[PDB]
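Here is the structure we will look at, set down as structure tokens.
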Amino acid sequence: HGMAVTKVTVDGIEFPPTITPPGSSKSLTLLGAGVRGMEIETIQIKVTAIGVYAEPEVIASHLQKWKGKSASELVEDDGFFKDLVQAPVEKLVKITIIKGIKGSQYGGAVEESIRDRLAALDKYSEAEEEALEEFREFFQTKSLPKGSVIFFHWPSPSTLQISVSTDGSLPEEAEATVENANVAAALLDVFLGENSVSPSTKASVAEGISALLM
Ligand SMILES: O=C1C[C@@H](c2ccc(O)cc2)Oc2cc(O)cc(O)c21
């Protein structure tokens, strides 16, 4: 109560300002966070909160052309978010579930979105089909009540690690690993790309990276 403390919240939901993945001494900083909102029968429902993490100095070193751009200029530029999705650096997304769902509901819905988005880009082949089956089957085994957490980890752009946490803590190891460049990138693109499910997360990340680069 006597020294400065930093708190980050997304509509009241706390996010850690930094996360150090188990097995690593490298700290990932929260770049930005937002919500997945869905308008259902005119009701604006917040169903998850999404936080995006990376090593600040490292990711800045891979985004140098954007230096000096304001958050507004970045948020309006699809090229910026494509650079961010492709940057060859470690990334972590933390999802806090707001509206409880079955794992099979989550996995099925997101898998179909990635299937469709990859198909739209002509990046859907048998390899991606198989990887998406692995993704879906992982979630079929899980329950996602309010307050549960999904961790998506990209130790490199082509590798996706997944865990589900009941208490927000990171497990000592990933529960599932999906090795497919297109699926790994497409999942990150669900959050940061065009027709993103979370414009708020994108805007927040634009604010964070704009500040970081300055
Ligand atoms: O209703 C949905 C939609 C679902 C979803 C995921 C991916 C996709 O492509 C479409 C929908 O995400 C959610 C996540 C929740 O915690 C609660 C929810 O009710 C939902």
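Quick reminder, even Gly has a Cβ in these numbers, built from the backbone with ideal geometry, and neighbours come from all protein chains shown. All of this is worked out from the model, or read from it or from the source named; no laboratory instrument gave them.
Say whether the condition of being part of a loop (DSSP other than H, G, I, E, B), surrounded by fewer than 20 Cβ atoms within 10 Å (Cβ to Cβ) and at positive phi is met by at least one residue in region 97-118.
Scanning region 97-118 turns up no residue that is part of a loop (DSSP other than H, G, I, E, B), surrounded by fewer than 20 Cβ atoms within 10 Å (Cβ to Cβ) and at positive phi.
Look through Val89, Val52 and report the one residue that is among the β-branched types (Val, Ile, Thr), surrounded by 16 or more Cβ atoms within 10 Å (Cβ to Cβ) and not in a strand (DSSP E or B). Write out each step before concluding.
Values: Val52 fails: not in a strand (DSSP E or B).
From the options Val89, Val52, the qualifying one is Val89.
To keep it simple, each residue is scored yes or no on (1) under 30 Å from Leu74 (Cβ atoms); (2) β-branched (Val, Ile, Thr); (3) in contact (Cβ under 8 Å) with a residue 40 or more places away in the chain.
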{"site": "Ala131", "(1), (2), (3)": "no, no, yes"}
{"site": "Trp154", "(1), (2), (3)": "yes, no, yes"}
{"site": "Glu179", "(1), (2), (3)": "no, no, yes"}
{"site": "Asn182", "(1), (2), (3)": "yes, no, yes"}
{"site": "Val205", "(1), (2), (3)": "yes, yes, yes"}
{"site": "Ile209", "(1), (2), (3)": "yes, yes, yes"}
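Go through region 21-71 and give me each residue that's within 16 Å of the ligand (Cβ to nearest atom) and in the same structural domain as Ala203 (by CATH).
First, pick out the residues of region 21-71 that are within 16 Å of the ligand (Cβ to nearest atom): 33-51.
Those that are within 16 Å of the ligand (Cβ to nearest atom) and in the same structural domain as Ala203 (by CATH): none in region 21-71.
Restricting to region 32-49, name every residue that is out of contact with any helix residue (DSSP H, G or I) (no Cβ under 6 Å at 6 or more places or on another chain), crowded, with 18+ Cβ neighbours inside 10 Å and either of a type in the set (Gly, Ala, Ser) or not in a strand (DSSP E or B) (or both).
Matches in region 32-49: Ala49 only.
Inside region 146-167, can you point out the residues that are more than 15 Å from the ligand (Cβ to nearest atom) and over 15 Å from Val110 (Cα atoms)?
Those that are more than 15 Å from the ligand (Cβ to nearest atom) and over 15 Å from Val110 (Cα atoms): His153, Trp154, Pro155, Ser156, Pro157, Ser158, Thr159, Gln161, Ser163, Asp167.
If I filter region 17-31 down to residues being assigned to a loop (DSSP other than H, G, I, E, B) and touching a residue at least 60 places away in the same chain (Cβ under 8 Å), which single residue comes out as nearest to the chain's Cα centre (by Cα)?
At the first step, the residues of region 17-31 found to be assigned to a loop (DSSP other than H, G, I, E, B) are 17, 20-27.
Those still in the list that are touching a residue at least 60 places away in the same chain (Cβ under 8 Å) too: 21-23, 26.
Working: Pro21: 15, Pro22: 18, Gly23: 20, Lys26: 18 Å.
Top of the filtered list is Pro21.
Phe151 - would you say it is aromatic (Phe, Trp, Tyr) and touching a helix residue (DSSP H, G or I) at 6+ places or on another chain (Cβ under 8 Å)? Outline the logic, then answer.
Numbers: aromatic (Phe, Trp, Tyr): yes; touching a helix residue (DSSP H, G or I) at 6+ places or on another chain (Cβ under 8 Å): no.
Taking the combined requirement at face value, the residue does not satisfy it.
Just checking, does region 180-191 include any residue being surrounded by 14 or more Cβ atoms within 10 Å (Cβ to Cβ), more than 16 Å from the chain's Cα centre (by Cα) and over 18 Å from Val89 (Cβ atoms)? Outline the logic, then answer.
Kept after step one, since they are surrounded by 14 or more Cβ atoms within 10 Å (Cβ to Cβ), are these residues of region 180-191: 180-191.
This time we only want the ones that are more than 16 Å from the chain's Cα centre (by Cα), so: 180.
Add one more test, that the residue is over 18 Å from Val89 (Cβ atoms), and what stays is 180.
Taking every residue of region 180-191 in turn, at least one turns out to be surrounded by 14 or more Cβ atoms within 10 Å (Cβ to Cβ), more than 16 Å from the chain's Cα centre (by Cα) and over 18 Å from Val89 (Cβ atoms).
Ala176 passes all but one of (1) surrounded by 20 or more Cβ atoms within 10 Å (Cβ to Cβ); (2) aliphatic (A, V, I, L, M); (3) touching a helix residue (DSSP H, G or I) at 6+ places or on another chain (Cβ under 7 Å); which number fails?
Result: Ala176 fails condition (1) only.
I want to confirm something. Restricting to region 85-119 and keeping residues that are touching a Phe, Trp or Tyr at 6+ places or on another chain (Cβ under 8 Å) and of a type in the set (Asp, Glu), which single residue is farthest from the ligand (Cβ to nearest atom)? So that I can check it myself, show each step before the final result.
Step one: of region 85-119, the residues touching a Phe, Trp or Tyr at 6+ places or on another chain (Cβ under 8 Å) are 90-96, 103-104, 106-108, 110-111, 114-115, 118.
Remaining after also requiring of a type in the set (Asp, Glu): 90, 111.
Values: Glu90: 24, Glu111: 8 Å.
Once the filter is applied, the top-ranked residue is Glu90.
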